[PDB]
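Visitor: The structure is given below, and queries will be raised subsequently.
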Amino acid sequence: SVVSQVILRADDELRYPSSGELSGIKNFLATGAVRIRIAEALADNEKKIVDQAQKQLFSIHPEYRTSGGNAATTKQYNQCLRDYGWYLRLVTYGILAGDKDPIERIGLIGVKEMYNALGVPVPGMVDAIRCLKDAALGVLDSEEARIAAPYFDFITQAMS
Amino acid sequence: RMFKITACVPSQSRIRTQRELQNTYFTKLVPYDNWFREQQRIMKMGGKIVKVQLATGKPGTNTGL
Amino acid sequence: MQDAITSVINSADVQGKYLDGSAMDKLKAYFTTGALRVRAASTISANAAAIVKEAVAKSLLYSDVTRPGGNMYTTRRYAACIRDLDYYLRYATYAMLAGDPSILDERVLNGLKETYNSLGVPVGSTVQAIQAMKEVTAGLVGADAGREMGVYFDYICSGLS
Amino acid sequence: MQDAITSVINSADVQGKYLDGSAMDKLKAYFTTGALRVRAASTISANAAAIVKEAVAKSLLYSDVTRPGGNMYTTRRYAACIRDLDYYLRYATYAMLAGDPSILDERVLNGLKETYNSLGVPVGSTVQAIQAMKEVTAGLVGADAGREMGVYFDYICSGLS
Amino acid sequence: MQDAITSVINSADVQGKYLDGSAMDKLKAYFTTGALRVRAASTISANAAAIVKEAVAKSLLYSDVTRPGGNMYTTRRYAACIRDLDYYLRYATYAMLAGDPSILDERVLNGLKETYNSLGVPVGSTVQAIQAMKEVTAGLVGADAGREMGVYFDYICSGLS
Amino acid sequence: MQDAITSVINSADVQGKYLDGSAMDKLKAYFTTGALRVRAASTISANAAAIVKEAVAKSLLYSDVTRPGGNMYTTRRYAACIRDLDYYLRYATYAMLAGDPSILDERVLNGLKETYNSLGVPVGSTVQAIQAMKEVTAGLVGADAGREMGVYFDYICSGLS
Amino acid sequence: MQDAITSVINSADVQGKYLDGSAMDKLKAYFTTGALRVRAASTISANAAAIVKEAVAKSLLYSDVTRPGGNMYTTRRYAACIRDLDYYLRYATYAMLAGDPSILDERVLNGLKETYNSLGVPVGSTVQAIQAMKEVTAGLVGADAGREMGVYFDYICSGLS
Amino acid sequence: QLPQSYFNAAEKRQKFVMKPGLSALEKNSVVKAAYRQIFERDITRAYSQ
Amino acid sequence: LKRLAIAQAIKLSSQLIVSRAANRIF
Amino acid sequence: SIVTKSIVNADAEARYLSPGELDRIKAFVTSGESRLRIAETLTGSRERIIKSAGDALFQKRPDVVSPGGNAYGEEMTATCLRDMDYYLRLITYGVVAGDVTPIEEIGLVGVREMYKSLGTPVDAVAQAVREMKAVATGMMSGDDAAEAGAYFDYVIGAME
Amino acid sequence: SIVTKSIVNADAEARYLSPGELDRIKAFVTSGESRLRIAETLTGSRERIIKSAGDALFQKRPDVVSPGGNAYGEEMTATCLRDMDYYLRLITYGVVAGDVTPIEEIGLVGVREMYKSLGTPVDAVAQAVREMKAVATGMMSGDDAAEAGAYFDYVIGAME
Amino acid sequence: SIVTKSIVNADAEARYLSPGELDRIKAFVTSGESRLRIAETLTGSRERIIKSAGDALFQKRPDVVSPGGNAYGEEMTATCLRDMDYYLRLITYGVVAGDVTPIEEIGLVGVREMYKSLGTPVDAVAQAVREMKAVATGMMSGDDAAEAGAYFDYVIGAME
Amino acid sequence: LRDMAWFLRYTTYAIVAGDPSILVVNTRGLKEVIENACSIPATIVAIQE
Ligand SMILES: CCC1=C(C)/C(=C/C2=NC(=C\c3[nH]c(/C=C4\NC(=O)[C@H](C)[C@H]4CC)c(C)c3CCC(=O)O)/C(CCC(=O)O)=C2C)NC1=O
Ligand SMILES: CCC1=C(C)/C(=C/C2=NC(=C\c3[nH]c(/C=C4\NC(=O)[C@H](C)[C@H]4CC)c(C)c3CCC(=O)O)/C(CCC(=O)O)=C2C)NC1=O
Ligand SMILES: CCC1=C(C)/C(=C/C2=NC(=C\c3[nH]c(/C=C4\NC(=O)[C@H](C)[C@H]4CC)c(C)c3CCC(=O)O)/C(CCC(=O)O)=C2C)NC1=O
Ligand SMILES: CCC1=C(C)/C(=C/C2=NC(=C\c3[nH]c(/C=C4\NC(=O)[C@H](C)[C@H]4CC)c(C)c3CCC(=O)O)/C(CCC(=O)O)=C2C)NC1=O
Ligand SMILES: CCC1=C(C)/C(=C/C2=NC(=C\c3[nH]c(/C=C4\NC(=O)[C@H](C)[C@H]4CC)c(C)c3CCC(=O)O)/C(CCC(=O)O)=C2C)NC1=O
Ligand SMILES: CCC1=C(C)/C(=C/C2=NC(=C\c3[nH]c(/C=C4\NC(=O)[C@H](C)[C@H]4CC)c(C)c3CCC(=O)O)/C(CCC(=O)O)=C2C)NC1=O
Ligand SMILES: CCC1=C(C)/C(=C/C2=NC(=C\c3[nH]c(/C=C4\NC(=O)[C@H](C)[C@H]4CC)c(C)c3CCC(=O)O)/C(CCC(=O)O)=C2C)NC1=O
Ligand SMILES: CCC1=C(C)/C(=C/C2=NC(=C\c3[nH]c(/C=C4\NC(=O)[C@H](C)[C@H]4CC)c(C)c3CCC(=O)O)/C(CCC(=O)O)=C2C)NC1=O
């Protein structure tokens, strides 16, 4: 989170957190309620968000459903959907800590090692997270979309 | 004076840097003067300290280390 | 090392569930108490050395432990005692800011009992010193900020004992 | 760290004796099996990542350990699991080439149980993963090379359990 | 690590008292024996390798331990044995000069039993080797300097056993 | 790094000759001045911080270099200046004790000009600071000990300029 | 660091062309000379210390440089000279095995002139020592292996001069 | 960041690990490597230091 | 020398290998 | 002490005691009688040393006994004379041991941190040891005053 | 051996065995038959090797058997021939293993310290292994004498 | 020397010279007169020391002068006496300097590597310094013989 | 056409050199450079052919 980063950095240099770090903590903790509301709204509609994102992903890439791909059989296809759902859950987690810290610690440190240990390509995952991004942005307003969008873009950054 | 410590320190950085492996869960004699920064550093990396035991100290002396 | 937010997220993730209303209520409780936590942390960062020296002046001074034979006798031992008390106050401030005592048993209470038992450090006298530090800082920051400091001070004293 | 040759020489040296006929017969056995060991080592070096990913696809995938709460859950834990399985396959290849499992208990099985018990790593699930790795590589290199791989895989599973 | 002077000062300091007449008498005893300690240390520094090789020639040579199967068999083990005996003689000289065996249990006898038990080193044979080293150096430096060497040699043999 | 004794021995050894009467006379000169060197070194070790702060109070204080824009402006630069002056006094004490300035151009004057020219440190102002340090310590230890301190202070100022 | 094969591949790659007939002929020349290179490398690895001590016995012994005042005077300087000559023979063996002197100017001749000029090492005397080492090893391994050793010895002497 | 294409195409350095299980010349060569790395030159066998 | 023989054989006939690849692929 | 320092300095170097260090230990062993005489001189007259040095200190630095200073009041002045007694005892230990490792290793390592945590001016403590040195070297013969003033000199030097 | 050395050298480098090291192990595996033949040649005629080499050594270096030398007397000459038997046994071990790590790792590491503690001239031991090499390479065919003389060469080289 | 060693040992520790080290330097400064007397004793009678020590050495170790040894012949025996003269000169340097850093830092560091490259038995060199010590301590008074025999003792100890 | 040449070039360089590392350090990360470009199993059957 924000307070975890402030505490760990102040713990490196053996000092108390300074006034600018604490004021950034205050600025996140004041607007935490808007975050609680947008994570509610993402936890509500997740079935349709994952649904339209799946539809647009296989618009962009019908390669995986078709013979030789990863979405060929419905067990792997169900796990494609479940991967989408887990990543939306991690987006709400990253929103509610105010930073990239738990979403990177739980789902981003070494996605490349996992998806090369499996068979699905990582540029497909980049396109998949971008599909999840415009899917989840159609369900919130701009005052919350400005908080929602760049976590999806950070997942896009750590994918590539 | 020396502390015969036993600790286990996972790295949590080997996945990013792709280095080869050092065996964790060490048992070592640390000198007393820098045992501080060593215990603090094991806590920095997040590793648990299993056993701390004073080896050569004869505790409660004022000179003669 | 996790605050209230990271522990709530870890519980909801180990469940595999989304953030339901109880998690939202816990995070609303933390986001209401956070400004008081910030102001108490600033007030404690103001008076680190004063709180430490008032804790020694309350408990450890003029007793047997500063006399010959005590474990706080020499200047090296006095400086290390002031260092240990500054550590306890600093990490209690960190655990107050996080709202979770995971940093205390991760980074203070890990090998502290075995270290103090190997060195010959009295645990009861340092528990009384931490209690006087708690009393002084609760006189400093008020009733409820003093209470939310004293819960982590009591955590340190319980893990030390 | 010693192969069959160095262990035979060490036995004859700890005796202080010269190399008699039984040592000559043991070295003739190793010098007959060595070409098969070389070809199996090349075939295993061909397909390291394939054998590892087929072992995870047989045992650890779609079970509880890759789900939330499992010890193979996160991407960090998945990458460390693939790293651990690559270590087991690499050192089993080394022990197959040497013809002696001294490298396994010198450099794998030394503090591995205590490391896995301190981390919370399930030992039964990783033993099943090593067994599936053994099954896959014995399907790869044939009957007898698979057997002389599986003796060191069983050595790793026995020292781990 | 403390000599007779530092141990007397540490006792008087842990008391918190000044140096009374008993401490003055102890320091007078050390300041009378110190010249004999100096001359014995010079005489022992003269003949380090001779005392070590005469100790091996008395005890360890022509026995089973230099034969095959013994722990002193190989040239590596012989060189490490000569190194260990040189360590015992050097630290016995240091403890003779200090007049206090604190360096012996600080820096020789600390993990020596567990090291020798992990390696397979015979403790009785090395105790006999240290006893023959003591006998040779007591023949070298005389009666009373040999006795004040043999008290620390007996300290090393007692801590080893 | 060599004192007067080691330089005399090095000259007689590079000659390959034995120590003749001129070397004996040089060593007699050093062995007569050594007690004065010892007492001046003790007196300088007494008042390190006082000599340094009196040198800054004579030269560098209330000038432009402690004002804004000066190289001694900030607290970091002030602390580094006090550190540099303590280095000059400490190494001048060492060169006074050795009776040879080889330590000064080995360990102070080696890359000092290029360091100060890369940082932007004024060399004339620090030469005046070392001269005031010399004046203060020559007022401290007397005429001839102040002179044998000032020869190495002038060595440092000459190598710096 | 590149042998004849890697330099041929680097030329054909910097061209971007495939391996034409001239590259095939160069690699055939190296693959014909390689067995002679192997046998000469084994024969030189046999007699490292003998070739070095015969080179010193030919050139540097009983001259002024081993006398007082010479740069090979002391035992430290003698040991460092034997170390430097062992380096020259070892790297000449490596450059003989590779068939390319890229390792010599990468790892011997890089800062060697400036090191020897800063230390005061005579370059002509060490060039004569390397020439005598070349003469001794060409007497050892024969005519043509001695010539293909002497081309890299002349490379080291040319880069040193 | 360094690409893996740059790391596999590199002058691969031997890492000397001191495990207590090891054979005795291995501990000898590892201690030799530590003397070579810290002191920049092998100070034993060239000075017997 | 055997590695050079097969490398010279591959170089001398690389055009027809690439042409066989060309009507295998397109 | 001298023997501890020589043993440790030969001990790190993996060598025996050099003969120069051995005649150093021998000369200290012979001078131990004069060291014990200086120690009896310092021990037997500790009352007058502490009393006269406290008197000259409070004459020299009256602000620390004035209201507002550290050593103001009855028990605070008693603790001040007790700290001076501690330092005279460490002076006697360093006189006997022939080196300053008793003085440094007991009462000089964290002296700045301790006296900063107590609120004490350390320059006034240096003046206290200066007056103790004046009374003590006014009490002995010439070489005895020089040998005791070496350790008094070390204490005042280790203050500042 | 060769396999131990290749495994360790690939083991520090965190890589598998390179194919060049693998054909090295393969060539050693094929040449093991000739290695075992050289080992039987050295093993079966050890009596004549030790006897003739001791005879030629004491002819060459008569001072070590003269009164005053190390190997003077019946039991001392028997121990001298026993040390030569030890070194011929290590030669046989190094012939079989294909490398000198048996010879070095058993009887060549602290050989100077041991023979200095016994009072033995090491040059006369090098002459003993030289005469053993002369008798042994006088006993075989050409390439067999070269392959055994490599290890004899290593022992005499590791002496001095 | 003593002053170099004390300065360096205080120099690594980032401290000044301790008073015990200072009276060490003072005692060495006072004993320099006896050191210079021992140096004149060793310097003035170097001819008889080298001659009688070479005579007793070749009486004791006759094999190095016999054909086959290192010091066989006229010029080889002259070089042998020259090496003994070098070591007596370093003994005089170590006597004056009060420590063995001249002797070690000039002629004892790579002495094993040098005498192994020359083909010299180092035990016979230790016997040469032993006979030099016998002639030299037969030439002085008791404490002078002990103080010179300390450095002779260091040279023979640094040989083996 | 250039890449179907280039695979054969570094095959030939690897065959002469004796180690396949020159192939490894190049065509490891090659796949996602050319995956936006073209069909990857076509390249696979091309190299097999
Ligand atoms: C908490 C962070 C995290 C995630 C998300 C994760 C996913 C994950 N995805 C898997 C498989 C998979 N993942 C996908 C996903 C996709 N295929 C595509 O074409 C798309 C680009 C993409 C999503 C739409 C597919 C098809 C499989 C089955 C692959 C197989 O056949 O094994 C597996 C192996 C079997 C399983 O447990 O389902 C894991 C563990 N692991 C983690 O630790
Ligand atoms: C950040 C978490 C953390 C803590 C708390 C910690 C404590 C710690 N306290 C220590 C010593 C000490 N701690 C004390 C403290 C006390 N003794 C008393 O008599 C008093 C009752 C009490 C003070 C209130 C003293 C006197 C020593 C020095 C022991 C000695 O020097 O012998 C040491 C010994 C090594 C050293 O001084 O530098 C450690 C490691 N280390 C850590 O990493
Ligand atoms: C060369 C000999 C050798 C081995 C084998 C070795 C293992 C080893 N495995 C580790 C972790 C691990 N090992 C696993 C593996 C598993 N957990 C599971 O759930 C599966 C059943 C199983 C894989 C099949 C995981 C998940 C971790 C990470 C633990 C964590 O990050 O909390 C760690 C912790 C530190 C780090 O990750 O980098 C070590 C030291 N170290 C060695 O030196
Ligand atoms: C300064 C305090 C100190 C001591 C004493 C010490 C001893 C010590 N002795 C060792 C080995 C040894 N010590 C011996 C000695 C003996 N075995 C016998 O059979 C004889 C009875 C006895 C000699 C009298 C031998 C043979 C070894 C080698 C073991 C081996 O290589 O397997 C080792 C193993 C590592 C190594 O050789 O270098 C240590 C650490 N270490 C220390 O730090
Ligand atoms: C592997 C490539 C490489 C080389 C060659 C190399 C040489 C090298 N030779 C050195 C010294 C030396 N080199 C010599 C050699 C000689 N002086 C003479 O008089 C003779 C003519 C000549 C020998 C034939 C001597 C005497 C020293 C020591 C200088 C000194 O200690 O003052 C030093 C000084 C540091 C040290 O001794 O350990 C280096 C770095 N370093 C390298 O990395
Ligand atoms: C042997 C090494 C050693 C020292 C030095 C030492 C000092 C020491 N001085 C103390 C107090 C004190 N020491 C002083 C001393 C002074 N204030 C002044 O103004 C004067 C300049 C100066 C003395 C001349 C005072 C005033 C206090 C009381 C501080 C307070 O009450 O807050 C205390 C706290 C109470 C106690 O337990 O005595 C300690 C531990 N303890 C030690 O073990
Ligand atoms: C396998 C490696 C290995 C070696 C080399 C070894 C040597 C060894 N040689 C010994 C004695 C000896 N070795 C010799 C040998 C010689 N003196 C001469 O003059 C000749 C030049 C030379 C032989 C040709 C002699 C004379 C002794 C007796 C020394 C004595 O009695 O003082 C001893 C002591 C008695 C014993 O237990 O045997 C050992 C341990 N031990 C080993 O484990
Ligand atoms: C100051 C430190 C120092 C030493 C020690 C030193 C020794 C030294 N001894 C040499 C030769 C020698 N030294 C000896 C000496 C001996 N052989 C014996 O048998 C006797 C045991 C022993 C003397 C008593 C002999 C025989 C040679 C000639 C070696 C040869 O010609 O191959 C040489 C080569 C020729 C020369 O330039 O003098 C050097 C450099 N140089 C130094 O700078």
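Identifiers in this document derive from the order of the structure tokens: chains are assigned A, B, ..., residues are numbered from 1 separately in each chain, and ligands are numbered from 1 in order of occurrence.
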Write out as CSV the residues of chain H that have any atom within 10 Å of an atom of chain L, one row each with the nearest atom pair and its distance in Å to one decimal, counting only C-alpha atoms, sorted by chain and then rising number.

Guide:
residue,atom,partner,partner_atom,distance
H:44,CA,L:110,CA,10.0
H:45,CA,L:113,CA,8.0
H:46,CA,L:113,CA,7.1
H:47,CA,L:110,CA,4.7
H:48,CA,L:110,CA,6.9
H:49,CA,L:109,CA,7.7

Visitor: Output C-alpha atoms for every residue in that selection, as a PDB file, in the first residue's frame.

Guide:
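Everything below was put into result25.pdb:
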ATOM      1  CA  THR H  44      49.358 -18.073  -1.222  1.00  0.00           C
ATOM      2  CA  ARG H  45      51.509 -20.239  -3.580  1.00  0.00           C
ATOM      3  CA  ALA H  46      53.180 -17.017  -4.740  1.00  0.00           C
ATOM      4  CA  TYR H  47      54.306 -15.736  -1.350  1.00  0.00           C
ATOM      5  CA  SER H  48      53.108 -18.528   0.995  1.00  0.00           C
ATOM      6  CA  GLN H  49      51.070 -15.824   2.742  1.00  0.00           C
TER       7      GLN H  49
END

Visitor: Give as a ChimeraX atom specification the residues surrounding ligand 6 up to a distance of 7 Å, considering only C-alpha atoms and all ligand atoms.

Guide: /C:61-63,66-68,73-75,78 /J:54,64-65,69-71,76-77,79-81,83-84,86-87,90,106-107,111,118-122,124-125,128

Visitor: Using only C-alpha atoms and all ligand atoms, find each protein or nucleic acid residue lying at most 9 Å from ligand 4; present the set as a PyMOL selection string.

Guide: (chain E and resi 55-56+60+65-66+70-74+76-88+90-91+104+107-112+115-116+119-130) or (chain H and resi 24+27-28)

Visitor: Could I get the residue neighbourhood of ligand 1 at 6 Å, counting only C-alpha atoms and all ligand atoms, as JSON, numbers by chain?

Guide: {"A": [64, 70, 71, 76, 77, 79, 80, 81, 83, 84, 86, 87, 107, 118, 120, 124, 125, 128], "D": [61, 62, 66, 73, 74, 75]}

Visitor: Starting from chain I, keep only residues with some atom at most 8 Å from an atom of chain M, counting only C-alpha atoms, and report them as a list in words.

Guide: residues 3, 4, 7, 10, 11, 14, 18, 21, 24 and 25 of chain I

Visitor: Env of residue 54 in chain B: 7 Å cut, atoms = only C-alpha atoms, seq-sep filter 5 positions within chain, self excluded. Answer as a PyMOL selection string.

Guide: (chain B and resi 2-4) or (chain C and resi 118-119)

Visitor: Give the helix (DSSP H, G or I) residues of chain B, as DSSP finds them on the backbone, and put them as number ranges by chain.

Guide: B: 14-17, 35-44

Visitor: Could you build a table of the residues in chain B lying no more than 6 Å from ligand 2, giving for each the nearest pair of atoms and their separation in Å rounded to one decimal place, using only C-alpha atoms and all ligand atoms, ordered by chain and ascending residue number, as CSV?

Guide:
residue,atom,partner,partner_atom_place_in_ligand_line,distance
B:36,CA,ligand 2,40 (C),4.9
B:39,CA,ligand 2,43 (O),5.6
B:40,CA,ligand 2,43 (O),4.9

Visitor: Set the distance at 10 Å and use only C-alpha atoms: which residues neighbour range 41-49 of chain E once local chain neighbours fewer than 3 positions away are removed? I'd like the list as a PyMOL selection string.

Guide: (chain E and resi 35-38+52-55+82+85-86+89-90+92-94+96-97+137+140-141+145+149) or (chain J and resi 16-19+22) or (chain K and resi 116-117) or (chain L and resi 146+149-150+152-154+156-157+160)

Visitor: Neighbouring residues of residue 13 in chain F were defined as those with any atom within 9 Å, considering only C-alpha atoms; residues of the same chain fewer than 3 positions away were excluded. Please report them as a list in words.

Guide: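 Skipping anything fewer than 3 positions along the chain leaves residues 8, 9, 10, 16, 17, 18 and 19 of chain F; 68 and 69 of chain G; 89, 90 and 93 of chain L.
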
Visitor: May I have the residues of chain B within 10 Å of chain J, counting only C-alpha atoms, written as a count of residues only?

Guide: 5

Visitor: Just the number, please: distance in Å from CA of residue 9 in chain H to CA of residue 31 in chain G, one decimal.

Guide: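 Rounded to one decimal, the two atoms are 24.7 Å apart.
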
Visitor: Counting only C-alpha atoms, collect the residues of chain M whose closest atom lies at most 10 Å from chain H, and write them out as number ranges by chain.

Guide: M: 21-22, 24-30

Visitor: With a distance threshold of 7 Å and counting only C-alpha atoms, extract the residues of chain A near chain D and express them as a PyMOL selection string.

Guide: chain A and resi 106-111+113-114+117-118

Visitor: Expressed in Å to a single decimal, how great is the separation between CA of residue 148 in chain K and CA of residue 49 in chain K?

Guide: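 Interatomic distance here is 13.4 Å.
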
Visitor: Write down, as a list in words, each residue of chain B that has any atom within 12 Å of an atom of chain H, counting only C-alpha atoms.

Guide: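 Going by the stated atoms only, the list reads residues 16, 17, 18, 19, 20, 21, 22, 23, 24, 26, 27 and 28 of chain B.
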